[PDB]
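To keep things clear, I will list the structure first and then write my remarks on it.
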Amino acid sequence: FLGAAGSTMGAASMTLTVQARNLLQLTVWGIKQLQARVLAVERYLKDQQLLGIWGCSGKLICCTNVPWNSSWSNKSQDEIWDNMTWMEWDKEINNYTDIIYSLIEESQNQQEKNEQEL
Amino acid sequence: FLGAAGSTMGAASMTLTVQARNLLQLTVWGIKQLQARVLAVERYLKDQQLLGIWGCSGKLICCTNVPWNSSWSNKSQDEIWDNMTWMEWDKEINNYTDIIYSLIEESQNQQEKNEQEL
Amino acid sequence: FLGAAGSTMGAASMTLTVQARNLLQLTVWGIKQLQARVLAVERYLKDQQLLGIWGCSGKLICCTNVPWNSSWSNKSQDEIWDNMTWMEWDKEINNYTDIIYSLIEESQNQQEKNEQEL
Amino acid sequence: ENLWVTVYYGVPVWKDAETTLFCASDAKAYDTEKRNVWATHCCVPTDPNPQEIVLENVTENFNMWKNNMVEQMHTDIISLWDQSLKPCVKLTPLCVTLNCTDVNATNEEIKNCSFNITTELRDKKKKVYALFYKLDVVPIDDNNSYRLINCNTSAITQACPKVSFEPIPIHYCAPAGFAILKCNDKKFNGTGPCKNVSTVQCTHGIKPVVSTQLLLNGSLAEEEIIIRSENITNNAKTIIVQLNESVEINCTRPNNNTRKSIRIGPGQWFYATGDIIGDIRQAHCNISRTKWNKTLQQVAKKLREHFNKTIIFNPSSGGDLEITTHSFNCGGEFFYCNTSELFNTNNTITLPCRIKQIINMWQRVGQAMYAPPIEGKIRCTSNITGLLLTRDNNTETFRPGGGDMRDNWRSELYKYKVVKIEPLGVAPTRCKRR
Ligand SMILES: *[C@@H]1O[C@H](CO)[C@@H](O[C@@H]2O[C@H](CO)[C@@H](O[C@@H]3O[C@H](CO[C@H]4O[C@H](CO[C@H]5O[C@H](CO)[C@@H](O)[C@H](O)[C@@H]5O)[C@@H](O)[C@H](O)[C@@H]4O)[C@@H](O)[C@H](O[C@H]4O[C@H](CO)[C@@H](O)[C@H](O)[C@@H]4O[C@H]4O[C@H](CO)[C@@H](O)[C@H](O)[C@@H]4O)[C@@H]3O)[C@H](O)[C@H]2NC(C)=O)[C@H](O)[C@H]1NC(C)=O
Ligand SMILES: *[C@@H]1O[C@H](CO)[C@@H](O[C@@H]2O[C@H](CO)[C@@H](O[C@@H]3O[C@H](CO[C@H]4O[C@H](CO)[C@@H](O)[C@H](O)[C@@H]4O)[C@@H](O)[C@H](O)[C@@H]3O)[C@H](O)[C@H]2NC(C)=O)[C@H](O)[C@H]1NC(C)=O
Ligand SMILES: *[C@@H]1O[C@H](CO)[C@@H](O[C@@H]2O[C@H](CO)[C@@H](O[C@@H]3O[C@H](CO)[C@@H](O)[C@H](O)[C@@H]3O)[C@H](O)[C@H]2NC(C)=O)[C@H](O)[C@H]1NC(C)=O
Ligand SMILES: *[C@@H]1O[C@H](CO)[C@@H](O[C@@H]2O[C@H](CO)[C@@H](O[C@@H]3O[C@H](CO)[C@@H](O)[C@H](O)[C@@H]3O)[C@H](O)[C@H]2NC(C)=O)[C@H](O)[C@H]1NC(C)=O
Ligand SMILES: *[C@@H]1O[C@H](CO)[C@@H](O[C@@H]2O[C@H](CO)[C@@H](O)[C@H](O)[C@H]2NC(C)=O)[C@H](O)[C@H]1NC(C)=O
Ligand SMILES: *[C@@H]1O[C@H](CO)[C@@H](O[C@@H]2O[C@H](CO)[C@@H](O)[C@H](O)[C@H]2NC(C)=O)[C@H](O)[C@H]1NC(C)=O
Ligand SMILES: *[C@@H]1O[C@H](CO)[C@@H](O[C@@H]2O[C@H](CO)[C@@H](O)[C@H](O)[C@H]2NC(C)=O)[C@H](O)[C@H]1NC(C)=O
Ligand SMILES: *[C@@H]1O[C@H](CO)[C@@H](O[C@@H]2O[C@H](CO)[C@@H](O)[C@H](O)[C@H]2NC(C)=O)[C@H](O)[C@H]1NC(C)=O
Ligand SMILES: *[C@@H]1O[C@H](CO)[C@@H](O[C@@H]2O[C@H](CO)[C@@H](O)[C@H](O)[C@H]2NC(C)=O)[C@H](O)[C@H]1NC(C)=O
Ligand SMILES: *[C@@H]1O[C@H](CO)[C@@H](O[C@@H]2O[C@H](CO)[C@@H](O)[C@H](O)[C@H]2NC(C)=O)[C@H](O)[C@H]1NC(C)=O
Ligand SMILES: *[C@@H]1O[C@H](CO)[C@@H](O[C@@H]2O[C@H](CO)[C@@H](O)[C@H](O)[C@H]2NC(C)=O)[C@H](O)[C@H]1NC(C)=O
Ligand SMILES: *[C@@H]1O[C@H](CO)[C@@H](O[C@@H]2O[C@H](CO)[C@@H](O)[C@H](O)[C@H]2NC(C)=O)[C@H](O)[C@H]1NC(C)=O
Ligand SMILES: *[C@@H]1O[C@H](CO)[C@@H](O[C@@H]2O[C@H](CO)[C@@H](O)[C@H](O)[C@H]2NC(C)=O)[C@H](O)[C@H]1NC(C)=O
Ligand SMILES: *[C@@H]1O[C@H](CO)[C@@H](O[C@@H]2O[C@H](CO)[C@@H](O)[C@H](O)[C@H]2NC(C)=O)[C@H](O)[C@H]1NC(C)=O
Ligand SMILES: *[C@@H]1O[C@H](CO)[C@@H](O)[C@H](O)[C@H]1NC(C)=O
Ligand SMILES: *[C@@H]1O[C@H](CO)[C@@H](O)[C@H](O)[C@H]1NC(C)=O
Ligand SMILES: *[C@@H]1O[C@H](CO)[C@@H](O)[C@H](O)[C@H]1NC(C)=O
Ligand SMILES: *[C@@H]1O[C@H](CO)[C@@H](O)[C@H](O)[C@H]1NC(C)=O
Ligand SMILES: *[C@@H]1O[C@H](CO)[C@@H](O)[C@H](O)[C@H]1NC(C)=O
């Protein structure tokens, strides 16, 4: 767990399974522990729901439509998957999450399911 | 959210993303709120489990086997997906939900999975 | 439910939908019941997460890679799916469950997702 | 450059977070008869062989002063004390005029008082005796008419006679989805990037030791004395000094005490200080002079690196015993020891100590607790592991601090940080859905 946190993003893909797997008295102390159980569940489900709508429910690595912007990143894939680590990547692409998620969520769900019925 | 509630069922197929997406102190006030959170989770999961058993876990629109009965609906698809709204549809097919769900769960689950192993 | 519990494992494969489907005041009595509800949810999710990582999220019967050992079983499939029941089977493979699960979680998650991106 | 969006799940990244940690205890050595307050018997045993994972090439920024683990630990400690004291007998029936004379501390501080108390049948009263320490008794009149010290402000609750308050190391562990990071930099002060960071399942056990001027029974600095301060130029801040060597302190209650069990109602029992057996002697603590001086020479030497001034130490300046003395619990007894001979040959420094039974813990005035007497004699051995100092020119003056209990755990929790896992993110690939 987190052994690859400081490593190459590409290499770190080999730990996605563990990183995902470990996500899961009438006193004040007791109620706080119950709250903890519940919030852990809610956090888990929100991520699963999002993967679900994106069509990535069965995948740890999910290829989707929507190309990359230069306004998001102007680096080659050679830095991204070889020289840069996930913490560093997150530091730069954290400002685009509200752009990318929306682009996938609507466009790639509605266009895709309509074509599938048809 | 619900913008198409009074609209055509067909057109409303493009709003399923939002409808599907926004489903997620030691005092009596506090316990009531915790109970509400637990219920919301339970309701969410029951729907997911049902889509799962039906083989519709990755879909907002899922085509299944089992033809329509005249006893369930005697209207053409031209009225149903063009003139009728989801509230109006629900008003007509409300008495057949148990019938349809039962048929799908047994037939399309066991026959299909057995054939796939074989 | 459990009607086939004492029956042949093969025949019992036809009862999996019910076995899966039924998995789902400020007083001491009240908190105990709330705690129970939360725990039931956690159990459900843990099994789903495991089926998910194994690539068996949409299946009740899931064919995977990894062969059988003689240390696991020295019986032919003819005994296993004809004369043996699930309780009897569980009695024999009970000490290899951790082993099998680990073999599936890593090998069949990594080889398959890596090849799919490529 | 035909790069498409890829969704990743299980990405090993995190953000700072504030969550609820849980109790864990490595020891299950104690039974359910000892009733230690921290023996919750609700919390999980620790993993006897916990896994520490080194994260290479990471640089986590730690901050002990803004650390939320300290506040959480503080809150839970207060809660446990109230939960265990709540069900026991109130001493409000004893808030009566006391008739007192001195004990034969003759050829001082212990009074012999009589009471008129209610017996199990409401129409009858009984005359009883108890001894009290002067610190718990306040004159009403100019005559020998006294009251218990807190009856004019609040209720007094008797500590449960069977509950132990001996510290058990408590481990704080994160809930799933969260992780605890720790800094392994030997010279690390309260804030800054740590170049050697590991992740743990959870923290080591920290004993909830209560003290003021001196920090007892904690951990040691590994290489040198490390001085940690939120703002080193702000005299009002507590300066926490962690020693790299412990100093033994030997404390005792030399009197042979006895206990009188007095009924004050229908199953309502009060435990009074009973007769004194043998000599009447003063409580005290023993600190070797040589170790003390060596230690203080090194503390000033290290402090000089921040001030470039002459450094002197002075006695506490004044106020209530809770601040002016070394207040600590040992064996269930509450000691208030004088430190004037420390913060100021080859003998042992003997510090006189005072003892009191009615305690307002953590400045919560009006939540007074009565500590019942312990029979026999008390012997304590403790380790001084640190100091709390404040500041008042070409010379700097340092004096003993304390009072705010938060500083006592901050001094141990400086090594840990809580973060949450955020497993989703995106990056460019040459693979597109179709
Ligand atoms: C900093 O760290 C240090 C180091 O840990 C802390 O120092 C320790 O503090 C402990 C608590 O103050 C203290 O423990 C008491 O020691 C007394 C004397 O010890 C002698 O006798 C024991 C006998 O041990 C055997 O019997 C006990 C009985 O339970 C068993 O538990 C043991 O496992 C053994 O089987 C020897 O082991 C010692 O070597 C000495 O010879 C004890 O008397 C005292 O026990 C009583 O109080 C306990 C409080 O919880 C209670 O649980 C226990 O059952 C006893 O109480 C019963 O008996 C009395 C008798 O009159 C009766 O009145 C009661 O009503 C009840 O029936 C503790 O064991 C450690 O000795 C001490 N360590 C050192 C080196 O001194 C330090 O406190 C800490 N500082 C700070 C500030 O936190
Ligand atoms: C504080 O004062 C207490 C009261 O004086 C001390 O308790 C006394 O300690 C002495 C130690 O010598 C005991 O004397 C021994 O007693 C045993 C027999 O004990 C049993 O029988 C007696 C009969 O009364 C009974 O009271 C006890 O509970 C036992 O059932 C003898 O065999 C020895 O030879 C010797 O006489 C006293 O008996 C004891 N008194 C009581 C009431 O316990 C206490 O030790 C003092 N504490 C300190 C730290 O000094
Ligand atoms: C710890 O013990 C020391 C002594 O061992 C205490 O110091 C003493 O404190 C008293 C306070 O009343 C001083 O008395 C006053 O002295 C001044 C001197 O001018 C006098 O004007 C006052 O009228 C009064 O007599 C006493 O002198 C002082 N002793 C020494 C040697 O300085 C100390 O207060 C104790 N501290 C704690 C926290 O218990
Ligand atoms: C105050 O600090 C000193 C120094 O760290 C403490 O002395 C150390 O106490 C530990 C207790 O576990 C000793 O560990 C064990 O000692 C036994 C001796 O037979 C050994 O068999 C075990 O394998 C283990 O080493 C440690 O050796 C001892 N250190 C020295 C130099 O003696 C002292 O106990 C602390 N006092 C308090 C009140 O905490
Ligand atoms: C921290 O960075 C160092 C330096 O890049 C990593 O060490 C390299 O590991 C690869 C693994 O195949 C070797 O081929 C290189 O030769 C190593 N470099 C050196 C200078 O020895 C190290 O693995 C990184 N650790 C993490 C967690 O990323
Ligand atoms: C409510 O009904 C009206 C008509 O009954 C809908 O208005 C129609 O909207 C479509 C949109 O393409 C137009 O082409 C039609 O010409 C409109 N009809 C009329 C009479 O103007 C309206 O959108 C409906 N609203 C909802 C929520 O269903
Ligand atoms: C319990 O075992 C008996 C036999 O051991 C099962 O009965 C058999 O049922 C099959 C159904 O096709 C028949 O073809 C066999 O001839 C029956 N055997 C006998 C001896 O009559 C019975 O169904 C089993 N019950 C369960 C729950 O397993
Ligand atoms: C960085 O911190 C780690 C601990 O997280 C140190 O690793 C320990 O080193 C000691 C040396 O004797 C070993 O006994 C431990 O077993 C190691 N622990 C782990 C988890 O591996 C490491 O040495 C520190 N490195 C530096 C440069 O300070
Ligand atoms: C209790 O109060 C009485 C007086 O209110 C104190 O003084 C005693 O008064 C009685 C009256 O008959 C005398 O016989 C005693 O000799 C007096 N005692 C002394 C020492 O002179 C008494 O001291 C008070 N103290 C206690 C603890 O009861
Ligand atoms: C309450 O305490 C007072 C003393 O503080 C008791 O008053 C004394 O009682 C004795 C009993 O005979 C009298 O001889 C004294 O003269 C009384 N003192 C005074 C000043 O009059 C009082 O009796 C106690 N009450 C109970 C119920 O014991
Ligand atoms: C009731 O409690 C208050 C404190 O909350 C007392 O006021 C102070 O008590 C301390 C105790 O030593 C004295 O030193 C102060 O001088 C008192 N204040 C003042 C202004 O004198 C108050 O006196 C208590 N009531 C009674 C009757 O003693
Ligand atoms: C330990 O304290 C020293 C200061 O005595 C820190 O050094 C930095 O000093 C500069 C001076 O301008 C400040 O601006 C920096 O902000 C200080 N660093 C920090 C983190 O505040 C030293 O960095 C501190 N320890 C660590 C672990 O960095
Ligand atoms: C410690 O805090 C003090 C103030 O709490 C900082 O110094 C002063 O900051 C105030 C802020 O308004 C200024 O107005 C004063 O002029 C400052 N003092 C001086 C002498 O300039 C101080 O810098 C902080 N020090 C550290 C080490 O953080
Ligand atoms: C505190 O008490 C301990 C325990 O008795 C003292 O340790 C003893 O010190 C003498 C001094 O030479 C040694 O001979 C003994 O062997 C030590 N005993 C143990 C068990 O180690 C300690 O010195 C006392 N501290 C003070 C300040 O007096
Ligand atoms: C990049 O961002 C701009 C913002 O206006 C947008 O117009 C453009 O289409 C984006 N390109 C990609 C590849 O998303
Ligand atoms: C329609 O209802 C009748 C009632 O018996 C049933 O027999 C028939 O199979 C049903 N048709 C469908 C499509 O289910
Ligand atoms: C069977 O057990 C042996 C024991 O080590 C192991 O080496 C072999 O790979 C196992 N076979 C399977 C299918 O796991
Ligand atoms: C820290 O402890 C070691 C133990 O040998 C000692 O040599 C060193 O001088 C001490 N440093 C300080 C500042 O006390
Ligand atoms: C303690 O304080 C007194 C104050 O007069 C001083 O005279 C004495 O020398 C001091 N002792 C030490 C060790 O500094």
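Scheme for the structure tokens: letters A, B, ... for chains in order shown; per-chain residue numbers from 1; ligand numbers from 1 in order shown.
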
With a distance threshold of 12 Å and counting only C-alpha atoms, extract the residues of chain D near chain C and express them as a VMD selection string. chain D and resid 4 6 to 10 429 to 434

Taking only C-alpha atoms into account, what are the residues of chain C at most 10 Å from chain A, put as a ChimeraX atom specification? /C:26-32,34-35,38-39,41-43,45-46,49-58,105-106,109-110,113-114,116-117

Residues within 10 Å of ligand 11, counting only C-alpha atoms and all ligand atoms: report them as a list in words.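 I would give the residues around ligand 11 as residues 135, 138, 139, 140, 141, 146, 147, 148, 149, 150, 151, 152, 153, 154, 320, 365 and 366 of chain D.
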
Can you pull out every residue with an atom within 7 Å of ligand 9? Use only C-alpha atoms and all ligand atoms and format it as number ranges by chain. D: 99-101, 112-114

Can you list every residue of chain D that has an atom at most 9 Å from ligand 4, with its nearest atom pair and the distance in Å to one decimal, using only C-alpha atoms and all ligand atoms, ordered by chain then number, as a tab-separated table?
```
residue	atom	partner	partner_atom_place_in_ligand_line	distance
D:216	CA	ligand 4	38 (C)	8.5
D:217	CA	ligand 4	39 (O)	5.7
D:218	CA	ligand 4	39 (O)	8.2
D:220	CA	ligand 4	5 (O)	8.7
D:245	CA	ligand 4	4 (C)	7.7
D:246	CA	ligand 4	2 (O)	5.4
D:247	CA	ligand 4	1 (C)	7.0
D:248	CA	ligand 4	1 (C)	6.4
D:249	CA	ligand 4	38 (C)	8.1
D:380	CA	ligand 4	38 (C)	8.3
D:381	CA	ligand 4	38 (C)	5.1
D:382	CA	ligand 4	38 (C)	3.8
D:383	CA	ligand 4	38 (C)	4.6
D:384	CA	ligand 4	1 (C)	7.8
D:385	CA	ligand 4	1 (C)	8.4
```

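If one restricts the calculation to only C-alpha atoms and all ligand atoms, the set of residues situated within 12 Å of ligand 14 consists of residues 247, 248, 249, 250, 251, 252, 284, 285, 286, 287, 288, 289, 290, 291, 292, 346, 347, 348, 349, 350, 351, 379, 380, 381, 382, 383 and 384 of chain D.
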
Write out as a ChimeraX atom specification the set of residues from region 159-344 of chain D that DSSP, computed on the backbone, places in strand (DSSP E or B). /D:164,170-173,178-183,191-194,197-200,202,206,214-216,226-228,239-257,259-265,268-273,277,284-288,310-313,326-330,333-337

Using only C-alpha atoms and all ligand atoms, what are the residues with an atom within 9 Å of ligand 19, set out as a ChimeraX atom specification? /D:313-315,340-344

Preceding selection exported with N, CA and C atoms as a PDB file, in the first residue's frame:
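Result file is again-v7.pdb:
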```pdb
ATOM      1  N   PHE D 313      17.286  30.285  34.126  1.00  0.00           N
ATOM      2  CA  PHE D 313      15.991  29.722  34.416  1.00  0.00           C
ATOM      3  C   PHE D 313      15.561  30.232  35.752  1.00  0.00           C
ATOM      4  N   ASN D 314      14.284  30.451  35.893  1.00  0.00           N
ATOM      5  CA  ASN D 314      13.717  30.915  37.133  1.00  0.00           C
ATOM      6  C   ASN D 314      12.537  30.035  37.543  1.00  0.00           C
ATOM      7  N   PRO D 315      12.134  30.040  38.824  1.00  0.00           N
ATOM      8  CA  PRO D 315      10.977  29.370  39.378  1.00  0.00           C
ATOM      9  C   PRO D 315       9.702  29.897  38.774  1.00  0.00           C
ATOM     10  N   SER D 340      10.996  24.917  42.885  1.00  0.00           N
ATOM     11  CA  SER D 340      11.886  26.063  43.046  1.00  0.00           C
ATOM     12  C   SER D 340      13.353  25.699  43.139  1.00  0.00           C
ATOM     13  N   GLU D 341      13.668  24.490  43.569  1.00  0.00           N
ATOM     14  CA  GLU D 341      15.060  24.094  43.665  1.00  0.00           C
ATOM     15  C   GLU D 341      15.561  23.507  42.377  1.00  0.00           C
ATOM     16  N   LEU D 342      14.692  23.409  41.388  1.00  0.00           N
ATOM     17  CA  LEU D 342      15.109  22.867  40.124  1.00  0.00           C
ATOM     18  C   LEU D 342      15.330  23.988  39.132  1.00  0.00           C
ATOM     19  N   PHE D 343      14.374  24.898  39.074  1.00  0.00           N
ATOM     20  CA  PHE D 343      14.461  25.999  38.142  1.00  0.00           C
ATOM     21  C   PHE D 343      15.040  27.199  38.807  1.00  0.00           C
ATOM     22  N   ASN D 344      16.304  27.077  39.138  1.00  0.00           N
ATOM     23  CA  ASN D 344      17.021  28.105  39.868  1.00  0.00           C
ATOM     24  C   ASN D 344      18.516  27.819  39.877  1.00  0.00           C
TER      25      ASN D 344
END
```

Could you jot down the atom 42 (C, counted along the ligand's line) of ligand 2 to CA of residue 371 (chain D) separation for me, Å, one decimal place? 22.7 Å

Counting only C-alpha atoms and all ligand atoms, the option among C:36, C:84, C:104, C:66 closest to ligand 7: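 Ranked by minimum distance to ligand 7, first place goes to C:84.
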
Which residues of chain A come within 12 Å of ligand 5, and what is each one's closest atom pair and distance in Å (one decimal), counting only C-alpha atoms and all ligand atoms, sorted by chain and residue number, as JSON lines?
```
{"residue": "A:1", "atom": "CA", "partner": "ligand 5", "partner_atom_place_in_ligand_line": "27 (C)", "distance": 11.4}
{"residue": "A:2", "atom": "CA", "partner": "ligand 5", "partner_atom_place_in_ligand_line": "27 (C)", "distance": 8.7}
{"residue": "A:3", "atom": "CA", "partner": "ligand 5", "partner_atom_place_in_ligand_line": "27 (C)", "distance": 6.1}
{"residue": "A:4", "atom": "CA", "partner": "ligand 5", "partner_atom_place_in_ligand_line": "27 (C)", "distance": 4.9}
{"residue": "A:5", "atom": "CA", "partner": "ligand 5", "partner_atom_place_in_ligand_line": "27 (C)", "distance": 6.3}
{"residue": "A:6", "atom": "CA", "partner": "ligand 5", "partner_atom_place_in_ligand_line": "28 (O)", "distance": 4.5}
{"residue": "A:7", "atom": "CA", "partner": "ligand 5", "partner_atom_place_in_ligand_line": "28 (O)", "distance": 3.2}
{"residue": "A:8", "atom": "CA", "partner": "ligand 5", "partner_atom_place_in_ligand_line": "28 (O)", "distance": 6.3}
{"residue": "A:9", "atom": "CA", "partner": "ligand 5", "partner_atom_place_in_ligand_line": "28 (O)", "distance": 9.4}
{"residue": "A:10", "atom": "CA", "partner": "ligand 5", "partner_atom_place_in_ligand_line": "28 (O)", "distance": 11.1}
{"residue": "A:11", "atom": "CA", "partner": "ligand 5", "partner_atom_place_in_ligand_line": "28 (O)", "distance": 9.0}
{"residue": "A:12", "atom": "CA", "partner": "ligand 5", "partner_atom_place_in_ligand_line": "28 (O)", "distance": 8.9}
{"residue": "A:15", "atom": "CA", "partner": "ligand 5", "partner_atom_place_in_ligand_line": "27 (C)", "distance": 11.9}
{"residue": "A:82", "atom": "CA", "partner": "ligand 5", "partner_atom_place_in_ligand_line": "5 (O)", "distance": 10.2}
{"residue": "A:83", "atom": "CA", "partner": "ligand 5", "partner_atom_place_in_ligand_line": "5 (O)", "distance": 8.4}
{"residue": "A:84", "atom": "CA", "partner": "ligand 5", "partner_atom_place_in_ligand_line": "28 (O)", "distance": 9.7}
{"residue": "A:85", "atom": "CA", "partner": "ligand 5", "partner_atom_place_in_ligand_line": "28 (O)", "distance": 7.6}
{"residue": "A:86", "atom": "CA", "partner": "ligand 5", "partner_atom_place_in_ligand_line": "28 (O)", "distance": 10.1}
{"residue": "A:87", "atom": "CA", "partner": "ligand 5", "partner_atom_place_in_ligand_line": "28 (O)", "distance": 11.0}
{"residue": "A:88", "atom": "CA", "partner": "ligand 5", "partner_atom_place_in_ligand_line": "28 (O)", "distance": 11.9}
```

Just N, CA, C and O atoms for this one: save the residues we selected as a short mmCIF file (atom, residue, chain, number, x, y, z; two decimals), in the first residue's frame.
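The result, written out as selection14.cif:
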```
data_model
loop_
_atom_site.label_atom_id
_atom_site.label_comp_id
_atom_site.auth_asym_id
_atom_site.auth_seq_id
_atom_site.Cartn_x
_atom_site.Cartn_y
_atom_site.Cartn_z
N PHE A 1 0.83 -1.20 0.00
CA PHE A 1 0.00 0.00 0.00
C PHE A 1 0.86 1.24 0.00
O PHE A 1 1.76 1.40 0.82
N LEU A 2 0.64 2.08 -1.00
CA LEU A 2 1.37 3.32 -1.23
C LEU A 2 2.85 3.11 -1.46
O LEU A 2 3.60 4.08 -1.56
N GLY A 3 3.28 1.89 -1.71
CA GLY A 3 4.69 1.64 -1.94
C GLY A 3 5.20 2.41 -3.15
O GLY A 3 6.33 2.86 -3.19
N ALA A 4 4.33 2.59 -4.12
CA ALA A 4 4.66 3.29 -5.34
C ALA A 4 4.21 4.73 -5.29
O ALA A 4 4.22 5.40 -6.32
N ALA A 5 3.82 5.24 -4.13
CA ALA A 5 3.29 6.60 -4.08
C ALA A 5 4.26 7.63 -4.63
O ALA A 5 3.84 8.59 -5.28
N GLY A 6 5.54 7.43 -4.42
CA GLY A 6 6.56 8.34 -4.91
C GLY A 6 7.15 7.88 -6.24
O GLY A 6 8.16 8.42 -6.70
N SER A 7 6.56 6.86 -6.86
CA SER A 7 7.12 6.32 -8.09
C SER A 7 6.40 6.76 -9.34
O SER A 7 5.38 7.45 -9.29
N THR A 8 6.92 6.27 -10.45
CA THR A 8 6.44 6.57 -11.79
C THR A 8 4.99 6.18 -11.93
O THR A 8 4.60 5.06 -11.59
N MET A 9 4.20 7.07 -12.53
CA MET A 9 2.78 6.78 -12.62
C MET A 9 2.46 5.50 -13.35
O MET A 9 1.47 4.84 -13.02
N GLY A 10 3.24 5.19 -14.37
CA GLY A 10 3.06 3.99 -15.15
C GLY A 10 3.30 2.76 -14.30
O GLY A 10 2.48 1.84 -14.23
N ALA A 11 4.44 2.74 -13.61
CA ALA A 11 4.81 1.62 -12.76
C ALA A 11 3.81 1.42 -11.64
O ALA A 11 3.47 0.29 -11.28
N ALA A 12 3.27 2.52 -11.15
CA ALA A 12 2.33 2.54 -10.05
C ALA A 12 1.00 1.93 -10.43
O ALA A 12 0.15 1.68 -9.58
N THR A 15 -0.15 -1.29 -8.70
CA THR A 15 -0.62 -1.32 -7.34
C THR A 15 -2.08 -0.91 -7.26
O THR A 15 -2.65 -0.81 -6.18
N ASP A 82 6.71 8.03 -17.36
CA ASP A 82 8.05 7.50 -17.13
C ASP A 82 8.82 8.29 -16.08
O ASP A 82 9.54 7.71 -15.27
N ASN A 83 8.75 9.62 -16.13
CA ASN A 83 9.54 10.46 -15.26
C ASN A 83 8.74 11.09 -14.11
O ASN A 83 9.29 11.36 -13.04
N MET A 84 7.45 11.32 -14.33
CA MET A 84 6.61 11.94 -13.33
C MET A 84 5.84 10.92 -12.49
O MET A 84 5.37 9.89 -13.01
N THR A 85 5.70 11.24 -11.21
CA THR A 85 4.99 10.43 -10.22
C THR A 85 3.54 10.89 -10.06
O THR A 85 3.18 11.99 -10.49
N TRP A 86 2.70 10.08 -9.39
CA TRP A 86 1.30 10.47 -9.22
C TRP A 86 1.07 11.68 -8.35
O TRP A 86 0.11 12.42 -8.57
N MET A 87 1.91 11.90 -7.35
CA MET A 87 1.64 13.07 -6.52
C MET A 87 1.88 14.31 -7.36
O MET A 87 1.11 15.28 -7.28
N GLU A 88 2.93 14.28 -8.18
CA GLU A 88 3.27 15.44 -8.98
C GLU A 88 2.25 15.67 -10.07
O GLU A 88 1.91 16.80 -10.40
#
```
